[PDB]
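Notes to accompany the following structure.
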Amino acid sequence: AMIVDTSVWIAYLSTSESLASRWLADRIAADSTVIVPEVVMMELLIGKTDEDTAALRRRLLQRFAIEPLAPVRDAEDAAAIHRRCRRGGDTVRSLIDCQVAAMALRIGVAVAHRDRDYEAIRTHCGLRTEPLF
Amino acid sequence: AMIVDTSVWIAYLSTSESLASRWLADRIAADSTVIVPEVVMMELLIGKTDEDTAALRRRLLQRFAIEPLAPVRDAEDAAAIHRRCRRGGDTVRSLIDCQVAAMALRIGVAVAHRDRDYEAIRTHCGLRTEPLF
Amino acid sequence: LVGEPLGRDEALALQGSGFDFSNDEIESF
Amino acid sequence: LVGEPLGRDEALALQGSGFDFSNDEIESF
Ligand SMILES: [Mg+2]
Ligand SMILES: [Mg+2]
Ligand SMILES: [Mn+2]
Ligand SMILES: [Mn+2]
């Protein structure tokens, strides 16, 4: 049971071959459990303006567990994570990453990603990661 | 009863002379209803790293109505808003702006702001705004 | 409206179907 | 932990108290 960050889904959907893309293809082929934070779903649904593509990708993500954020609490924690990292010298580049981390730490799973932001969060908050650069 | 975007709160906290800052000060002085989306709260809470300043700003926003997003639905709508705007030739710079707009359209309020992203959303989706440049 | 969840092979077929933004761009337009 | 909501004068006293980022910066770090 793990969270797959937007960055890996983008690698998968992009026309380029990469380890992240191969990793997600394998995981999809194995019927492994993928956790989809709603904010990741949101990011993925803007990659193409075509509404039929969006609808098809909405069904792609619906195959897995679309996990809802905890109201108010995940947002507060996301901000606390961002502050903590910034005191430690790292400015996390997206609050969405922080919300994803807030969820991961709350439910106790790792985050698969191709985004150094999560390695910063790992350093300061201990977030379990599977980096896929 | 309206949503006050992060941009106005930032103006309020940054100077005492801008239109946006003065507008919010007046609204606060009049005890008017300010709707604070949790994502706006989140953005505001990262502006200072000191936990005591953060706690104080947390209490500032608690004076008003903190409104949680509608789980999944606001995020879907936010992405739909982003796609519609982009088809219209406007790339909205923040998905958080789109979540705020999705909430506003859902509960039927206007958004007070100093961010041209919302005038883009107004153009393509009709969102009521009070621009404060 | 949300359609029916994709099947395994349906999901696999969308690999490489395209994305307009890199992740870095997604995080800052 | 969430402290007591600020009173009106307390809230007004925070005008101009500082913010490390412009709105542009907060939307693109
Ligand atoms: Mg991200
Ligand atoms: Mg914004
Ligand atoms: Mn990031
Ligand atoms: Mn914006």
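Ordering of the structure tokens sets the chain letters (A, B, ...); residue numbers start at 1 within each chain; ligands are numbered from 1 in the order shown.
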
Test item: chain D residues at most 6 Å from chain B, counting only C-alpha atoms, as a ChimeraX atom specification: /D:3,5-6,11,15-20,23,27

Same residues, N, CA, C and O atoms, saved as a short mmCIF file (atom, residue, chain, number, x, y, z; two decimals), in the first residue's frame:
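Saved the output as result.cif:
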```
data_model
loop_
_atom_site.label_atom_id
_atom_site.label_comp_id
_atom_site.auth_asym_id
_atom_site.auth_seq_id
_atom_site.Cartn_x
_atom_site.Cartn_y
_atom_site.Cartn_z
N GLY D 3 -5.09 27.97 19.24
CA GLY D 3 -5.39 28.92 20.30
C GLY D 3 -6.74 29.59 20.12
O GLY D 3 -7.49 29.29 19.19
N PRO D 5 -9.40 32.20 18.98
CA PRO D 5 -9.54 33.10 17.83
C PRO D 5 -9.26 34.54 18.22
O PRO D 5 -9.68 34.98 19.29
N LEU D 6 -8.53 35.27 17.39
CA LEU D 6 -8.20 36.65 17.70
C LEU D 6 -9.43 37.53 17.80
O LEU D 6 -10.40 37.35 17.06
N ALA D 11 -6.73 41.19 15.61
CA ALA D 11 -6.64 40.90 14.18
C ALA D 11 -6.09 42.09 13.40
O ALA D 11 -5.18 41.94 12.56
N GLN D 15 -2.00 43.65 10.71
CA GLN D 15 -1.79 44.30 9.42
C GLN D 15 -0.33 44.77 9.31
O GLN D 15 0.16 45.50 10.17
N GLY D 16 0.37 44.32 8.28
CA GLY D 16 1.74 44.75 8.04
C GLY D 16 2.80 44.01 8.85
O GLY D 16 3.97 44.39 8.85
N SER D 17 2.40 42.94 9.54
CA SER D 17 3.31 42.20 10.43
C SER D 17 4.31 41.30 9.69
O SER D 17 5.22 40.75 10.31
N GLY D 18 4.15 41.14 8.38
CA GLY D 18 5.19 40.52 7.57
C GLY D 18 4.79 39.21 6.91
O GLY D 18 4.00 38.44 7.45
N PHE D 19 5.35 38.96 5.72
CA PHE D 19 5.14 37.71 4.99
C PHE D 19 6.35 37.48 4.07
O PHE D 19 6.72 38.36 3.30
N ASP D 20 6.98 36.31 4.16
CA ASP D 20 8.24 36.06 3.44
C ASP D 20 8.11 35.97 1.92
O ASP D 20 9.10 36.06 1.20
N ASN D 23 2.76 36.91 -3.55
CA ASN D 23 1.80 35.92 -4.01
C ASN D 23 2.35 35.16 -5.20
O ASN D 23 2.14 33.95 -5.30
N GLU D 27 3.00 30.97 -5.41
CA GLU D 27 2.43 30.16 -6.48
C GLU D 27 3.49 29.53 -7.38
O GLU D 27 3.19 28.67 -8.21
#
```

Could you superpose chain D on chain C by least squares over every Cα, matched in sequence order, and send it back as a compact mmCIF listing (two decimals) with C-alpha atoms, in the first residue's frame?
```
# COMPACT_ATOMS: atom_id res chain seq x y z
CA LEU D 1 -19.96 12.04 -13.99
CA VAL D 2 -17.31 9.40 -13.37
CA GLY D 3 -17.16 6.53 -15.86
CA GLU D 4 -16.35 2.90 -15.12
CA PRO D 5 -12.86 2.37 -13.62
CA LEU D 6 -10.40 1.19 -16.26
CA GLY D 7 -9.51 -2.49 -16.49
CA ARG D 8 -5.86 -3.55 -16.23
CA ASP D 9 -5.12 -3.68 -19.97
CA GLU D 10 -7.03 -0.42 -20.48
CA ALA D 11 -4.88 1.25 -17.80
CA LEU D 12 -1.64 -0.08 -19.33
CA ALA D 13 -2.72 1.23 -22.74
CA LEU D 14 -2.50 4.80 -21.38
CA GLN D 15 1.26 4.55 -20.82
CA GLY D 16 2.83 7.25 -23.02
CA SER D 17 -0.52 8.75 -24.08
CA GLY D 18 0.71 12.29 -23.34
CA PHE D 19 0.88 15.09 -20.76
CA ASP D 20 1.20 18.83 -21.55
CA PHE D 21 3.42 19.66 -18.56
CA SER D 22 6.60 18.41 -16.98
CA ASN D 23 6.38 17.95 -13.23
CA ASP D 24 8.51 21.07 -12.81
CA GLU D 25 6.02 23.01 -14.95
CA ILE D 26 3.02 21.72 -13.03
CA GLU D 27 4.61 22.92 -9.78
CA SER D 28 5.44 26.34 -11.26
CA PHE D 29 3.29 27.63 -14.14
```

Could I have chain B as a compact mmCIF listing (two decimals) with C-alpha atoms, in the first residue's frame after it is superimposed on chain A by least squares, pairing all C-alpha atoms in sequence order?
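Output contents, as saved in result-v7.txt:
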```
# COMPACT_ATOMS: atom_id res chain seq x y z
CA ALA B 1 0.00 -0.06 -0.37
CA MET B 2 1.70 3.21 -1.25
CA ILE B 3 1.15 6.71 -2.53
CA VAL B 4 2.22 7.38 -6.09
CA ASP B 5 3.03 11.05 -6.54
CA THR B 6 1.96 13.17 -9.51
CA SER B 7 5.57 13.18 -10.73
CA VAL B 8 5.51 9.43 -11.36
CA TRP B 9 2.10 9.48 -13.05
CA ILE B 10 3.35 12.31 -15.26
CA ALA B 11 6.40 10.24 -16.13
CA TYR B 12 4.13 7.28 -16.88
CA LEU B 13 1.97 9.39 -19.18
CA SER B 14 4.89 11.28 -20.79
CA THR B 15 7.23 8.49 -21.93
CA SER B 16 7.50 4.73 -21.82
CA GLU B 17 11.25 4.59 -21.15
CA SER B 18 12.01 6.35 -17.86
CA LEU B 19 12.54 4.40 -14.62
CA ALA B 20 9.48 6.06 -13.07
CA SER B 21 7.25 5.19 -16.01
CA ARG B 22 8.49 1.61 -16.21
CA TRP B 23 8.10 1.22 -12.43
CA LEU B 24 4.48 2.34 -12.49
CA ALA B 25 3.71 0.16 -15.53
CA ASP B 26 5.05 -2.81 -13.58
CA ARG B 27 2.97 -1.88 -10.53
CA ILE B 28 -0.17 -1.55 -12.66
CA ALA B 29 0.59 -4.86 -14.36
CA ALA B 30 0.93 -6.60 -10.97
CA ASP B 31 -2.41 -5.20 -9.70
CA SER B 32 -0.58 -3.65 -6.76
CA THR B 33 -2.34 -1.13 -4.54
CA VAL B 34 -1.83 2.44 -5.64
CA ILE B 35 -3.05 5.18 -3.36
CA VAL B 36 -4.19 8.27 -5.24
CA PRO B 37 -4.51 11.39 -3.09
CA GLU B 38 -7.28 13.62 -4.44
CA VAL B 39 -4.72 16.41 -4.92
CA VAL B 40 -2.67 14.08 -7.12
CA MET B 41 -5.80 13.26 -9.09
CA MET B 42 -6.42 16.98 -9.45
CA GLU B 43 -2.94 17.71 -10.86
CA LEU B 44 -3.22 14.82 -13.31
CA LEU B 45 -6.61 15.95 -14.59
CA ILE B 46 -5.28 19.26 -15.93
CA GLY B 47 -2.53 17.78 -18.11
CA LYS B 48 -4.77 17.66 -21.22
CA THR B 49 -7.56 20.14 -21.94
CA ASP B 50 -9.74 17.79 -23.95
CA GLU B 51 -12.67 16.71 -21.75
CA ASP B 52 -12.73 13.21 -23.25
CA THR B 53 -9.04 12.68 -22.45
CA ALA B 54 -9.72 14.07 -18.97
CA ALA B 55 -12.66 11.69 -18.54
CA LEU B 56 -10.47 8.77 -19.60
CA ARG B 57 -7.77 9.75 -17.09
CA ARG B 58 -10.47 10.14 -14.45
CA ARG B 59 -11.40 6.48 -15.12
CA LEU B 60 -7.72 5.53 -15.00
CA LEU B 61 -7.38 6.87 -11.48
CA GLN B 62 -10.73 5.39 -10.46
CA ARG B 63 -9.18 1.94 -10.99
CA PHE B 64 -7.10 2.64 -7.90
CA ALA B 65 -7.98 3.92 -4.43
CA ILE B 66 -8.79 7.65 -4.54
CA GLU B 67 -8.22 8.91 -0.97
CA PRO B 68 -9.64 12.25 0.22
CA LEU B 69 -7.57 14.50 2.47
CA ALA B 70 -8.45 14.71 6.15
CA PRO B 71 -10.43 18.00 6.32
CA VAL B 72 -8.37 20.86 7.87
CA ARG B 73 -5.85 18.52 9.58
CA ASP B 74 -3.94 17.46 6.44
CA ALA B 75 -3.73 21.13 5.43
CA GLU B 76 -2.42 22.20 8.83
CA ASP B 77 0.13 19.36 8.74
CA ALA B 78 1.15 20.27 5.19
CA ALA B 79 1.94 23.82 6.29
CA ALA B 80 3.76 22.50 9.40
CA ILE B 81 5.84 20.30 7.09
CA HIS B 82 6.66 23.23 4.83
CA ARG B 83 7.74 25.41 7.78
CA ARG B 84 9.88 22.63 9.28
CA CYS B 85 11.61 22.00 5.97
CA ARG B 86 12.25 25.72 5.49
CA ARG B 87 13.75 26.08 8.97
CA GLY B 88 16.00 23.24 7.82
CA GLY B 89 17.09 25.24 4.78
CA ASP B 90 14.84 23.56 2.19
CA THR B 91 11.97 25.44 0.58
CA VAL B 92 9.52 22.83 -0.67
CA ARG B 93 8.32 24.00 -4.09
CA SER B 94 4.69 22.88 -3.84
CA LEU B 95 2.15 22.85 -1.02
CA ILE B 96 0.51 19.94 -2.84
CA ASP B 97 3.67 17.89 -2.18
CA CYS B 98 3.25 18.76 1.50
CA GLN B 99 -0.41 17.64 1.51
CA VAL B 100 0.63 14.35 -0.05
CA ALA B 101 3.36 13.98 2.58
CA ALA B 102 0.94 14.92 5.37
CA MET B 103 -1.42 12.20 4.19
CA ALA B 104 1.41 9.65 3.91
CA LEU B 105 2.59 10.35 7.46
CA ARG B 106 -0.99 10.15 8.68
CA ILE B 107 -1.85 6.75 7.19
CA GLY B 108 1.70 5.37 7.45
CA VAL B 109 2.68 4.70 3.85
CA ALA B 110 5.65 5.61 1.66
CA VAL B 111 5.58 7.99 -1.28
CA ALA B 112 6.86 6.89 -4.69
CA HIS B 113 8.09 9.93 -6.57
CA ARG B 114 10.44 11.67 -8.97
CA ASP B 115 10.60 14.99 -7.12
CA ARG B 116 13.43 16.12 -4.85
CA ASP B 117 10.85 17.96 -2.72
CA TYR B 118 9.99 14.61 -1.09
CA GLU B 119 13.61 13.84 -0.24
CA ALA B 120 13.71 17.23 1.49
CA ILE B 121 10.59 16.20 3.46
CA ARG B 122 12.21 12.84 4.16
CA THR B 123 15.27 14.60 5.57
CA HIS B 124 13.39 16.84 7.99
CA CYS B 125 10.28 14.79 8.80
CA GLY B 126 11.34 11.18 8.11
CA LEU B 127 8.83 10.44 5.32
CA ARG B 128 9.43 7.06 3.68
CA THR B 129 10.02 7.42 -0.05
CA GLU B 130 10.76 5.43 -3.14
CA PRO B 131 12.72 7.84 -5.34
CA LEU B 132 12.53 6.98 -9.04
CA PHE B 133 14.97 9.26 -10.84
```

Just the alpha helix (DSSP H) stuff from chain B, please, per backbone DSSP, written as a PyMOL selection string. chain B and resi 6-14+19-29+38-44+51-62+73-87+95-107+116-125

If you run DSSP over the backbone, which residues in chain A end up strand (DSSP E)? Put them as a PyMOL selection string. chain A and resi 2-4+34-37+65-67+111-113+129-131
